[PDB]
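Comments concern the structure below.
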Amino acid sequence: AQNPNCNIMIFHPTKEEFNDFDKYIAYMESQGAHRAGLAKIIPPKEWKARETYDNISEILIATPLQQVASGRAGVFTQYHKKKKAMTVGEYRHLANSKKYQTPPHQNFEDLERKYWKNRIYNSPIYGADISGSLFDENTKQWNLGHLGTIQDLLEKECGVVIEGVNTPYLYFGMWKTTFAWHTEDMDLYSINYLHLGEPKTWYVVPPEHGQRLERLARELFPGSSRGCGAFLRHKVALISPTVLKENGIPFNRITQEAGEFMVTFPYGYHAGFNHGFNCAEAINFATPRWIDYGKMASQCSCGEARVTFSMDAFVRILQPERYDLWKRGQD
Ligand SMILES: O=C(O)CNC(=O)C(=O)O
Ligand SMILES: [Mg+2]
Ligand code: NI
Ligand SMILES: [Zn+2]
């Protein structure tokens, strides 16, 4: 079995190997990359997502989210308070202000220490889930706006034609902005490209050990667990690496820098934070190997998780028994 310790693998495709997205994902899995839950892909040196970022300040963040924490430093939840719209130019200025800017630090490890020590005492503002793309239309390789759609993959594998579309989303982050422990909707893959700015640190649990993380989460967030049998779908709970180590949960960590892709694999729980002002783009995708994960994916039916139009069909076709109850949650 390849990669039996479930380490995060890093890949350096040639420009030739960068032509066929599906084939390269299948290559990575042949080397065991999926066992980690997360892989890094460094694009060939000849490749670029677009010519410059010089003209992005007029993008609108219509609903910036202030991420308010509750709990203790290593075990907390966050809630998203909606703020007034601002442009990316305004947001970048805010990120760079004395109140919100990255503190002086020695290196990534020192910054990670400061994050876990101090995150809960601040409320950084996150521009999340903004439909759109920063890939130039002329970028032909690994253009997250030109991937084959999950609906087409389901059709190719299973023969069923369904409604729905699949488009990318932009994330504008600042110091301490945080992504809570989650898997993707319907335990899909995700791909994330860090277009610009400061790094993003990731933590990941191997898919084969995901239930260990869930069990811990039920112990650490006991009221949330009683309210919903899939409450990590709410995307609000954080557990530090120290806490994960104290409870024996297998995980890995890696820092993504500007110009790098990360791929999350089905049922790979991940969480992380941004080091300073940055802009990422991400999208879900599927492969044939995903189908069985989609069939087994947990679902939130308490009504909190409230997700896209396109997830309807996935639940309807892959999880017909659940469909009824899940849709009660979504209405
Ligand atoms: O970058 C972020 O804030 C969150 N991204 C992801 O969870 C992802 O790409 O799957
Ligand atoms: Mg602009
Ligand atoms: Ni994700
Ligand atoms: Zn729920």
Side-chain angles (χ1 to χ4, degrees), residues 36-41 61 64-65 67 77-78 80 115 124-130 134 144 147 166-205 207 210 213-214 217-218 221 223-238 254-258 260-286 290 297-305 307-308 311 322 325-327 329-330:
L38 184 67
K40 176 178 292 195
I41 308 94
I61 309 172
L65 305 175
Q67 302 189 295
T77 62
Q78 52 188 14
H80 292 158
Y115 171 84
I125 292 167
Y126 208 169
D129 295 311
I130 296 160
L134 292 169
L144 299 188
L147 303 183
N166 176 200
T167 55
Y169 295 89
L170 304 176
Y171 300 83
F172 290 95
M174 68 170 59
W175 170 235
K176 284 173 177 171
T177 56
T178 302
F179 53 110
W181 281 108
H182 70 282
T183 62
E184 304 304 305
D185 292 342
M186 220 68 191
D187 298 341
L188 286 155
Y189 298 68
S190 65
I191 184 168
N192 180 303
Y193 181 67
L194 192 52
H195 279 283
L196 67 94
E198 307 310 312
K200 191 187 296 281
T201 291
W202 299 70
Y203 303 91
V204 59
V205 172
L213 182 67
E214 296 175 349
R218 292 192 306 269
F221 302 100
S224 290
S225 180
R226 286 185 289 273
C228 178
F231 74 95
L232 298 175
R233 300 275 172 212
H234 312 166
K235 307 195 299 187
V236 298
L238 278 302
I254 192 171
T255 299
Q256 174 190 24
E257 298 185 77
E260 308 178 334
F261 289 89
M262 312 291 298
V263 164
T264 82
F265 294 88
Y267 196 62
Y269 275 104
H270 55 280
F273 65 91
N274 295 302
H275 291 208
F277 175 71
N278 66 14
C279 175
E281 179 169 345
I283 196 177
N284 296 119
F285 72 95
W290 167 71
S298 70
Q299 307 294 351
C300 167
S301 315
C302 83
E304 284 296 306
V307 309
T308 188
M311 226 196 96
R322 291 193 180 161
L325 182 71
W326 168 83
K327 204 166 36 62
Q330 240 38 8

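Throughout, numbering of the chain's residues begins at 1 and tracks the sequence. All ligand and atom numbering here is 1-based and tracks the order in the structure. These numbers come from the heavy atoms of this one structure, side chains and all, not from hydrogens, waters or symmetry mates.
- Under a 4.0 Å criterion applied to the non-hydrogen atoms of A282, ligand 1 contributes the atoms 9 (O).
- A donor-acceptor contact under 3.5 angstrom links the side chains of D129 and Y171, judged on distance only.
- When you scan the N, O or S atoms of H270 for the one nearest the Ni ion (ligand 3), you land on NE2.
- For the 3.5 Å distance criterion, the side chains of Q256 and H275 fail to qualify, holding no donor opposite an acceptor.
- Of the polar atoms of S190, at least one N or O is found under 3.5 Å from an N or O of ligand 1, judged by distance alone.
- A heavy-atom distance below 4.5 Å is found between the side chains of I191 and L147.
- Only the side chain of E184 comes within 4.0 Å of ligand 1, judged by heavy-atom distances.
- The N, O or S atom of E184 lying closest to the Ni ion (ligand 3) is OE2.
- Of all atoms in ligand 1, listed by their number and element, those nearer than 4.0 Å to a heavy atom of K200 are 1 (O), 2 (C), 3 (O).
- Per-residue contacts place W202 under 4.0 angstrom from the following atoms of ligand 1 (heavy atoms of the residue considered): 8 (C), 9 (O).
- Near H182, with a cut-off below 4.0 Å to any heavy atom, the atoms of ligand 1 are 7 (O).
- Atoms of ligand 1 lying under 4.0 Å from any heavy atom of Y126, numbered from 1 in the order shown and given with element: 1 (O), 2 (C), 3 (O).
- One finds an angle of 110° at the Zn ion (ligand 4) between SG on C228 and SG on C302, to the nearest 10 degrees.
- Distances from ligand 1 to the non-hydrogen atoms of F261 include no value under 4.0 Å.
- Checked against a 3.5 angstrom limit, the closest N/O atoms of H270 and ligand 1 fall inside it.
- Atom NE2 is the N, O or S atom of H234 at the shortest distance from the Zn ion (ligand 4).
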